[PDB]
Ligand SMILES: Nc1ncnc2c1ncn2[C@@H]1O[C@H](COP(=O)(O)OP(=O)(O)OP(=O)(O)O)[C@@H](O)[C@H]1O
Ligand SMILES: Nc1ncnc2c1ncn2[C@@H]1O[C@H](COP(=O)(O)OP(=O)(O)OP(=O)(O)O)[C@@H](O)[C@H]1O
Ligand SMILES: Nc1ncnc2c1ncn2[C@@H]1O[C@H](COP(=O)(O)OP(=O)(O)OP(=O)(O)O)[C@@H](O)[C@H]1O
Ligand SMILES: Nc1ncnc2c1ncn2[C@@H]1O[C@H](COP(=O)(O)OP(=O)(O)OP(=O)(O)O)[C@@H](O)[C@H]1O
Ligand SMILES: Nc1ncnc2c1ncn2[C@@H]1O[C@H](COP(=O)(O)OP(=O)(O)O)[C@@H](O)[C@H]1O
Ligand SMILES: Nc1ncnc2c1ncn2[C@@H]1O[C@H](COP(=O)(O)OP(=O)(O)O)[C@@H](O)[C@H]1O
Ligand SMILES: [Mg+2]
Ligand SMILES: [Mg+2]
Ligand SMILES: [Mg+2]
Ligand SMILES: [Mg+2]
């Protein structure tokens, strides 16, 4: 037995990315770097559950037609891994290319690092009140599993209903041409080395609206996903005075105005 | 069903070289150069559909993964190998530099030798930004193209929309793009027969040999491919002649990669060739 | 036929860690590194006698337990005889060994197969080849055997303690393997002349005639055999106050430590130490005797180590608690 | 027929540690390192002649002790008799031998099985192979061996002296195996023409006629052989006075020798040397002759400093005792 | 279909070296070296067609002389006759070959057996090093190949011209393999604009139709492998004057080459060349035509000045000879 | 079928050692280093057909000795028969021989056993791996083999001369193996033009016809066999008086030589030389001719100094010999 998806607290970057990937798998995969203790492998296994013939998870070549695939070892991979990711999003086995990375040791190669389309980072909690909450939850889980999940059972049905309703809202796009020109302009303003970025963000932010249930796409929607998919492609130079995400925010502000 | 070879926005450098190598099997391949993206792989797979031992069906494109050995490459036993599939087809090599072996040398040697006869094309790619190939092994390739990322808002949105369109309805689009594709196929079929009729003046041969000799280019490989490429281009334009202008359009990208590597200063690659061409010609 | 446990002179810190870990297997193992001599394993191999007893289903090569389906083997899960008194088994692997014995060979029983609910001892862990050491990282932290190859599949629970020793002036395992071991303790050399004379005389005396000497120490050691079973009974009665947890999670968070890996063990180590003493409540003193031992190899900082890690932990503890 | 022992000219220091090890088969081993030549490898192979007898049961590859019911290896423990006296054996392993015969694979007896309680000689231990050296790293100084190659996992007694030679120009020993040996003796070439003439003449004479050369020394060899047996029975009578045991321990403190192993071996050898002379009361100037050659290779020091590693031990000896 | 030899334009030096090596198959081969292009690997392939015929025994795994020697090689010695009068073959080895394949294993012949008394072509000799270059250091210059691998033990005759090429900007060879080569012919690319057009036209004409090209050159080329054969019969009739031989060694000693192999080669090459041109005598001109490109290969490396190769040899030859 | 040994032009010093190593086959060996060419590997190979005869036991592969001490292997020693008077042999191992055909395993007779009381020619000894040179290190200078690799436990009586060649422009020998060689000789290229003319003519004439050359150089060779047979029996008659044996060792003491093996060889080589010129009394000029090449390499190089080895040895001779 594993935690339900509504057990992780505070840290929420991966949730948005994984839920966006689940609704539409055309984006690709997600690359996450973080420590070996903060709980990267625990939260993902939760997402394996509560996933909506009569249909109702793979860990590292044929049984991948439905369901995500977790690698756990791609970071130290030297080569070949390119073959599996190319073959995945090439029709003749659609699945989510969720992956695990570490800030040190293997960092992959810029030739491959631009085949994924999503990237989020992990930061420390730095909160005594929250850490004791997590410790208490883990302890009461360890005391006995079965009664713990039943307590959090009610919200899982609501989450499933929301995901199912949002999945079938594909025609809701209403994406404005002027905003498409503006996003292409801001992306092309910095060095991106290809057209991989523009296609990913155009089909990502729109889908976020489908999560909420609205129809139109405004600046607020894009602002929350613009950094998350156009940061690791910004490998300008090792002279990193500040994190590239802040540079993305700077160019975002200088163009739209905020 | 795949993307047609007419909707690729811009990038006339790759298309011209690919067409020339298609209409002239003995040129010796291309080494498309550039950074990531910009449709290196889409164009190659878009070329295969646009196509109609010693003595016929539809052509097939053959590719191999980066991780391979002689178990599949050789195709040892009457088992036919991977190369024994393109008797009238094409073969693709990716990240050539990442393949540290003599297998790449074997493939180059198998070219221009129809004895198992294969007679395919040898498009090369990779090396976005990870060290140039060996100065010897790079000298057995016909022409060296180049790809650069488009820098403009008007096109950058359009291409994206175009791609999105192909995911709205992958079928029901070829008929919309049918008339453009058929025009190119008929033209290339016609041009494949007019080639053995071009005449090159002896006087221009002296001038082109002088142009080659003025540069400190080693060997004679720079004067066995240009003569064929100019004839192929002139035949492609549907004529039986050659002027000084046609050679100019297939000389910069045919001999650029044979130049001296020495970084004495920052002379541009094509600028030196253009300067020499202007110096020894009346253009 | 070996050196009795209650004959070691000095080296108190290692004994405390070993007994604390053997009280409750939810520890994560113990790491021992230090100079030659000083009886690194002279003590570890002496733990065969000082062990409790557990019930095991009869004629079970996998050493399963009554019920406990979560960790119940195949022959009791899908098929479902009486249990009997049995001893906790300690097994060790040599530095030079093949890979056939460690894993399965096809079902044959592997080295880990006859290691459940026991203690795994490795000697000179810094000299083992990387081929074998990459298999233990699979069975550990997963609690399940993996070998199912050769066309026929087989599953097997696997859980041990994995305590080991080594030498610090040759290498330190892998950067990631250090996090598998929950506890880490080091030994120095006692330089008091009287203690050295005492240990030399003790070793010489035992070297004369084994059976007469060991029996002399019988009255004391047996008492320990009837003092460690008390901790395993009073353990599920200790309680922690919110003021204690809010500080055990504050001291760790103040230092640049990996998230929720150091706080969990320190919350389960001191809480068990009282059971060894015999009380039912935890005081501030009990924190001081386990805080240094637990948060040592998690402390990742700059390569410069002019200060002492134990000194840093003690001073931050004093500053936070005001002691 | 090999060179007789009591004919080697000079080299008094090296010609005593071997006898000390022969008298008491528990101290450890003697590793001899010196310049090329000097006959390091001719004394060791000639030691087989001067050799006492020990009792060992009949029809047993392990050569177990008929008494001491705690040392029975495999089946005579279950059976718990043709007791016979026998000469102890000498077995040397070649440098170009694999691990098949060193440990044992099939249960056939390995090379280590054939050298129980005897003498194991290694030639040019400086090189070996850095891979086979690991299996014997822990088998010695433990008294037990375990083999698990295929289908057999049995505990195997193993004890020997592990004498070895070397050359200090092809590398240095690993700082872990260096502590298994007991004493370290250095060799310096002779520098007097008369002795060189003597050794050349004696070698030529032996090469002239092997058999008639032995009779010129046989009574001396018999006389030496009688002395070893007598000193092998009077050993458990000597006794170290308590003040001396405290005094010797303080020497190990000042030199900062890591590990409490130098103290044990230094004490053990002092008793044996006294039994060789015939007395039964150790005294100062009797351990003075056995300390400088036992606290030299265990002395970690500054990379360069300025000591031959020989003056410091005697300086501390003089400071402590006073001579 | 291959490019006819007589159609190759230019390169009047390397053609001479190859032709002089074919007529007298004992000089020691050539080591053609130069920049890219210029057809270094075209002529070698072309020379296969223009080759003579030699007698050989049948059923023999490797070529051998029918009855000229006493056949001290293998069972042909005491078994002593089918002769097929076959043609000498061309054998080449790849850069990725392995040592066992070159010699043999459990008796399967290797590459050496095939390339005996023949032209063994080595591709890019500069890159190959260490492995599979030490075994070749005894098969040549001795005539006998010794194989003592995997128990199999025989003796193998072997001698070959060993024609090898390579690039001049990828390092230089070690001296041991450098002196096994007879001559050393350097290639320089044509630079006159009036000449390259001819090469381009000839290549284009050949590529248009490989047939109807040999007939355009068949009468001319068939007049080449008639002068060579006739030159072979005349060769064992030349008589170099004694006076010249004195002066030839003077150049060698004055230039201070290393060894003595630099004087046996020159005489044989001069005799073969003077037999090629038709006469049955030797003049000064014949020496000057081949001494330039024989000794230069063996000069001493010197980076202290800017003196090229061949220039010094010509200067010394002019100074010591007539004019 | 091979080049005659007595027709070698010049190089007297190389001819001296290869004869002294056959008259009394108890010296360590020889080592000759020099430039390319100059026939280092031609003189050595010509020695095969000029050797004496010794008795052998039946057809044993180990080449035992019937009328000799207890050195007749182990299987023959059970007896203590037919006599054949065979001729000694020389066996050479290649540059890439596998471990199977050096120590021997299966009992398949190894290469060392088949080269007992013979000569082992190690060509190009400058290029040999760190392996295959240790298994050769113990068999020499000890005269007993020990193979314990694959289930076989056999001790072989092995003894050879260990003749090796090579050139010094590719590395330096290891310190241990550099001492097993007996005497070291140097080769320098000839410079007189007339000698070069003679040597070229000789080689060309020999190559012209393999036979009908022994028919010329027969009488000058058959006299050498009876020149060595007589000298092989007068050796155990010559005695060096005690006056000079004291002096020779002094020389070594002055040169700071390492070991006492560099002094035994000279006292034996000097006795061998005087038995070759007919005399039966060693005097000066019979040890002066051999002390130069038997002590040249057993000397500390000390690259700080800039004095050649040859001059230093002769400089100190007159210091104590008054010349
Ligand atoms: N209480 C003690 N303190 C120190 N040394 C002791 C003590 N009791 C025994 N010894 C001795 O210390 C030595 C160390 O024993 P052990 O076999 O464990 O070696 P070690 O050096 O600790 O282990 P390793 O060689 O694996 O590092 C032995 O000689 C042992 O008799
Ligand atoms: N007292 C002595 N000191 C030195 N050498 C002696 C002495 N007595 C005899 N010798 C002779 O000196 C020689 C030394 O060679 P030996 O085989 O003993 O060396 P080793 O110990 O194997 O040397 P290495 O250190 O090179 O392995 C032998 O010929 C031996 O007979
Ligand atoms: N006389 C000639 N001189 C130079 N090139 C010639 C001559 N005759 C023909 N050629 C042509 O010149 C070209 C040189 O290419 P080729 O393959 O022979 O080069 P190469 O010397 O073998 O090169 P590499 O060093 O790369 O192996 C070929 O097309 C060959 O047909
Ligand atoms: N006495 C001699 N001195 C020098 N050279 C001689 C002598 N007798 C013959 N030669 C000839 O000199 C040449 C030397 O070549 P050889 O093969 O003997 O050299 P090497 O010493 O074996 O060389 P390497 O060091 O390459 O093994 C041969 O042609 C040989 O016939
Ligand atoms: N919400 C949470 N916040 C903090 N820590 C958590 C949380 N959930 C689980 N953990 C802890 O994190 C552990 C998993 O750490 P994780 O980083 O996934 O390991 P790894 O990176 O080695 O796979 C869990 O076993 C638990 O102790
Ligand atoms: N006309 C076009 N010009 C440039 N790029 C294009 C065009 N059409 C599609 N693409 C892009 O090319 C990408 C795939 O090719 P590419 O990434 O270049 O392959 P590779 O990375 O192997 O070179 C697609 O993601 C697509 O967005
Ligand atoms: Mg230990
Ligand atoms: Mg020795
Ligand atoms: Mg070539
Ligand atoms: Mg030779």
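Heads up, chain B uses Swiss-Prot numbers, so what you see runs 14-65, 80-82, 103-124, 137-174, 186-353.
We read in the header that electron microscopy, 3.8 Å was used to get this structure.
Here the Cβ of each residue, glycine as well, is placed from N, Cα and C on the backbone.
Swiss-Prot lists B:47, B:48, B:49, B:50, B:51, B:52, B:53, B:54 with the feature ATP binding site.
Features as recorded by Swiss-Prot, highlighted on the structure.
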| residue | record | Cβ neighbours (10 Å) |
| --- | --- | --- |
| B:47 | ATP binding site | 22 |
| B:48 | ATP binding site | 18 |
| B:49 | ATP binding site | 20 |
| B:50 | ATP binding site | 19 |
| B:51 | ATP binding site | 21 |
| B:52 | ATP binding site | 20 |
| B:53 | ATP binding site | 21 |
| B:54 | ATP binding site | 14 |
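Proximity of the binding-site residues (B:48, B:50, B:51, B:54) to ligand 6: a Cβ under 6 Å from the molecule is found for B:50, B:51, B:54. Once the 14 unmodelled residues between residue B:65 and residue B:80 are set aside, the endpoints remain 19 angstrom apart, Cα to Cα. The DSSP secondary structure for residue B:54 (ATP binding site) is helix. Those binding-site residues from B:47, B:51, B:54 lying by chain A, with Cβ under 8 Å from one of its Cβ atoms, are B:51. Of the deposited chain, 12 residues are missing between residue B:124 and residue B:137, and the straight-line Cα distance between those two residues is 5 Å. For the segment bounded by residue B:174 and residue B:186, where 11 residues are absent from the model, the Cα separation is 5 Å.
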